[PDB]
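Undergrad: I have a structure here, written as structure tokens, and I will follow up with some questions on it.
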Amino acid sequence: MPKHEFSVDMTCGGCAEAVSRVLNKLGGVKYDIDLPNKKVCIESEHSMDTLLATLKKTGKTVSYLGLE
Amino acid sequence: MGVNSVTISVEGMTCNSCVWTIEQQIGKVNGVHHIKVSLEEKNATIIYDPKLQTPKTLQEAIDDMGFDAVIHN
Ligand SMILES: [Cu+2]
């Protein structure tokens, strides 16, 4: 399974929670948030570039940072 | 023709920088003229141009996030 790690500018809990609703627009995604570490850890059969573009709808510094 | 305006109860925005995310995403929709957001009164106010913007387009720009926006001027 493709457990990939992404970091996003979670300057706020509302500013973070937005990542849930944009990933739900794809729907076919599994994910888990770490609010202190600023991480979303994802697994889906969709591409890393689809996930990255979807997270960047939330208006932030988003960086893909490798594999678990 | 000239300035139009509306208020949107963004019922999912209150804390620190969900607030800031509005001003990032709205301020780059070409027809916007002035954005304001209220964090404790939990709502979003804007002045916009009618040739380039609409209340419907505002509701699309909040849908880039995850906030519970309803039109309420
Ligand atoms: Cu906030």
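Following the order of the structure tokens, chains are lettered A, B, ..., residues in each are numbered from 1, and ligands are numbered from 1.
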Could you list, as a list in words, all residues that come within 9 Å of ligand 1? Count only C-alpha atoms and all ligand atoms.

TA: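 Those within range of ligand 1 are residues 11, 12, 13, 14, 15 and 16 of chain A; 12, 13, 14, 15, 16, 17, 18, 19, 20, 21 and 39 of chain B.
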
Undergrad: Where in region 1-47 of chain B does DSSP assign helix (DSSP H, G or I), given as a PDB file with N, CA and C atoms, in the first residue's frame?

TA:
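Result file out-v1.pdb:
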ATOM      1  N   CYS B  18      -7.435  30.003   9.383  1.00  0.00           N
ATOM      2  CA  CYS B  18      -8.553  29.818   8.461  1.00  0.00           C
ATOM      3  C   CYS B  18      -8.999  31.191   7.888  1.00  0.00           C
ATOM      4  N   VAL B  19      -9.160  32.140   8.807  1.00  0.00           N
ATOM      5  CA  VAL B  19      -9.273  33.603   8.630  1.00  0.00           C
ATOM      6  C   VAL B  19      -8.317  34.121   7.536  1.00  0.00           C
ATOM      7  N   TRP B  20      -7.007  33.895   7.702  1.00  0.00           N
ATOM      8  CA  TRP B  20      -5.970  34.282   6.738  1.00  0.00           C
ATOM      9  C   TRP B  20      -6.118  33.577   5.376  1.00  0.00           C
ATOM     10  N   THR B  21      -6.488  32.284   5.370  1.00  0.00           N
ATOM     11  CA  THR B  21      -6.722  31.499   4.141  1.00  0.00           C
ATOM     12  C   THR B  21      -7.792  32.145   3.265  1.00  0.00           C
ATOM     13  N   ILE B  22      -8.849  32.725   3.850  1.00  0.00           N
ATOM     14  CA  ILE B  22      -9.849  33.494   3.080  1.00  0.00           C
ATOM     15  C   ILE B  22      -9.176  34.622   2.293  1.00  0.00           C
ATOM     16  N   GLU B  23      -8.362  35.453   2.949  1.00  0.00           N
ATOM     17  CA  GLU B  23      -7.751  36.625   2.317  1.00  0.00           C
ATOM     18  C   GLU B  23      -6.715  36.250   1.248  1.00  0.00           C
ATOM     19  N   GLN B  24      -6.046  35.101   1.394  1.00  0.00           N
ATOM     20  CA  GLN B  24      -5.215  34.519   0.338  1.00  0.00           C
ATOM     21  C   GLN B  24      -6.072  34.124  -0.875  1.00  0.00           C
ATOM     22  N   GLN B  25      -7.080  33.263  -0.693  1.00  0.00           N
ATOM     23  CA  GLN B  25      -7.831  32.682  -1.814  1.00  0.00           C
ATOM     24  C   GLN B  25      -8.770  33.672  -2.503  1.00  0.00           C
ATOM     25  N   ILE B  26      -9.413  34.570  -1.749  1.00  0.00           N
ATOM     26  CA  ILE B  26     -10.312  35.602  -2.284  1.00  0.00           C
ATOM     27  C   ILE B  26      -9.527  36.670  -3.047  1.00  0.00           C
TER      28      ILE B  26
END

Undergrad: Just want the 6 Å neighbourhood of residue 39 (chain A), counted on only C-alpha atoms, with same-chain residues fewer than 4 positions away dropped. Output as a VMD selection string.

TA: chain A and resid 6 to 7 33 to 34

Undergrad: Leaving out region 44-56 of chain A and any residue of its chain fewer than 5 positions from it, which residues lie within 9 Å of it when counting only C-alpha atoms, given as a list in words?

TA: residues 1, 2, 3, 4, 6, 8, 18, 19, 22, 23, 25, 26, 28, 29, 30, 31, 61, 62, 63 and 64 of chain A; 64 of chain B

Undergrad: Considering only C-alpha atoms, return as a compact mmCIF listing (two decimals) with N, CA and C atoms, in the first residue's frame whatever protein or nucleic-acid residues lie within 9 Å of region 59-63 of chain B, sequence-local ones (same chain, fewer than 2 positions apart) excluded.

TA:
# COMPACT_ATOMS: atom_id res chain seq x y z
N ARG A 21 -11.93 18.03 3.57
CA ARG A 21 -12.98 18.27 2.58
C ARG A 21 -12.45 18.28 1.15
N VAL A 22 -11.25 18.81 0.89
CA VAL A 22 -10.65 18.72 -0.47
C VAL A 22 -10.24 17.29 -0.84
N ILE B 8 -21.31 36.66 4.08
CA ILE B 8 -21.36 35.19 4.04
C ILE B 8 -20.97 34.65 5.42
N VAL B 10 -19.52 32.26 7.15
CA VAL B 10 -18.49 31.21 7.16
C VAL B 10 -18.44 30.48 8.51
N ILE B 22 -8.85 32.72 3.85
CA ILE B 22 -9.85 33.49 3.08
C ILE B 22 -9.18 34.62 2.29
N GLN B 25 -7.08 33.26 -0.69
CA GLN B 25 -7.83 32.68 -1.81
C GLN B 25 -8.77 33.67 -2.50
N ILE B 26 -9.41 34.57 -1.75
CA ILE B 26 -10.31 35.60 -2.28
C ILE B 26 -9.53 36.67 -3.05
N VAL B 29 -8.99 36.32 -6.80
CA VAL B 29 -10.14 36.29 -7.72
C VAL B 29 -10.35 37.71 -8.23
N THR B 54 -19.26 37.48 -8.30
CA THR B 54 -20.64 37.22 -7.86
C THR B 54 -20.66 36.54 -6.48
N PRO B 55 -21.77 36.61 -5.71
CA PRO B 55 -21.93 35.83 -4.48
C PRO B 55 -21.76 34.32 -4.70
N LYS B 56 -22.23 33.81 -5.85
CA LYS B 56 -22.00 32.41 -6.24
C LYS B 56 -20.50 32.08 -6.36
N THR B 57 -19.71 32.95 -7.01
CA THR B 57 -18.24 32.82 -7.12
C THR B 57 -17.55 32.89 -5.76
N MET B 65 -11.52 25.25 0.44
CA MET B 65 -11.14 24.91 1.82
C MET B 65 -12.13 23.89 2.41
N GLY B 66 -12.63 24.11 3.63
CA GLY B 66 -13.67 23.30 4.25
C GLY B 66 -14.43 24.06 5.33
N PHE B 67 -15.07 25.17 4.95
CA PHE B 67 -15.77 26.08 5.87
C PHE B 67 -17.25 26.23 5.48
N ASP B 68 -18.11 26.38 6.49
CA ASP B 68 -19.56 26.16 6.36
C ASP B 68 -20.29 27.45 5.99
N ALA B 69 -20.04 27.90 4.76
CA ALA B 69 -20.42 29.20 4.23
C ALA B 69 -21.87 29.26 3.71
N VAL B 70 -22.63 30.27 4.16
CA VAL B 70 -24.04 30.54 3.79
C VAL B 70 -24.22 32.05 3.59
N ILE B 71 -24.92 32.47 2.53
CA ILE B 71 -25.10 33.89 2.19
C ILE B 71 -26.13 34.58 3.11

Undergrad: What separation in Å, quoted to one decimal, exists between CA of residue 43 (chain B) and CA of residue 36 (chain A)?

TA: 27.2 Å

Undergrad: To one decimal place in Å, what is the distance between CA of residue 45 (chain B) and CA of residue 7 (chain B)?

TA: 4.5 Å

Undergrad: May I have the residues within 12 Å of residue 52 (chain B) as a PyMOL selection string, using only C-alpha atoms and disregarding those fewer than 4 positions away in the same chain?

TA: chain B and resi 1-4+28-33+47-48+56-58

Undergrad: Have a look at CA of residue 36 (chain B) and CA of residue 5 (chain B) and let me know their distance in Å, one decimal.

TA: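 Rounded to one decimal, the two atoms are 11.2 Å apart.
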
Undergrad: From the set A:17, A:43, A:32, A:68, which residue has the shortest atom-to-atom contact distance to chain B, counting only C-alpha atoms?

TA: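 Counting only C-alpha atoms, the residue closest to chain B is A:17.
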
Undergrad: If you run DSSP on the backbone, which residues of chain A are strand (DSSP E or B), as an mmCIF file with C-alpha atoms, in the first residue's frame?

TA:
data_model
loop_
_atom_site.group_PDB
_atom_site.id
_atom_site.type_symbol
_atom_site.label_atom_id
_atom_site.label_comp_id
_atom_site.auth_asym_id
_atom_site.auth_seq_id
_atom_site.Cartn_x
_atom_site.Cartn_y
_atom_site.Cartn_z
ATOM 1 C CA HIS A 4 3.100 8.682 1.357
ATOM 2 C CA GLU A 5 3.983 11.639 3.680
ATOM 3 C CA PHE A 6 3.082 15.318 2.930
ATOM 4 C CA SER A 7 3.698 18.482 5.053
ATOM 5 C CA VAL A 8 1.382 21.574 4.890
ATOM 6 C CA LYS A 30 -7.199 7.169 3.083
ATOM 7 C CA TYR A 31 -5.415 9.797 5.260
ATOM 8 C CA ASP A 32 -4.323 10.702 8.837
ATOM 9 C CA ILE A 33 -3.381 14.215 10.180
ATOM 10 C CA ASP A 34 -0.673 15.207 12.748
ATOM 11 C CA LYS A 39 1.864 16.219 8.373
ATOM 12 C CA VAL A 40 -0.888 14.494 6.378
ATOM 13 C CA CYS A 41 0.027 10.810 5.730
ATOM 14 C CA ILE A 42 -1.979 9.421 2.748
ATOM 15 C CA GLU A 43 -2.626 6.188 0.847
ATOM 16 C CA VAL A 62 2.512 22.212 0.621
ATOM 17 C CA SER A 63 5.525 19.861 0.211
ATOM 18 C CA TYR A 64 5.576 16.099 -0.571
ATOM 19 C CA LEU A 65 8.212 14.572 1.808
ATOM 20 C CA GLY A 66 8.663 10.906 0.839
ATOM 21 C CA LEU A 67 7.513 7.502 2.092
#
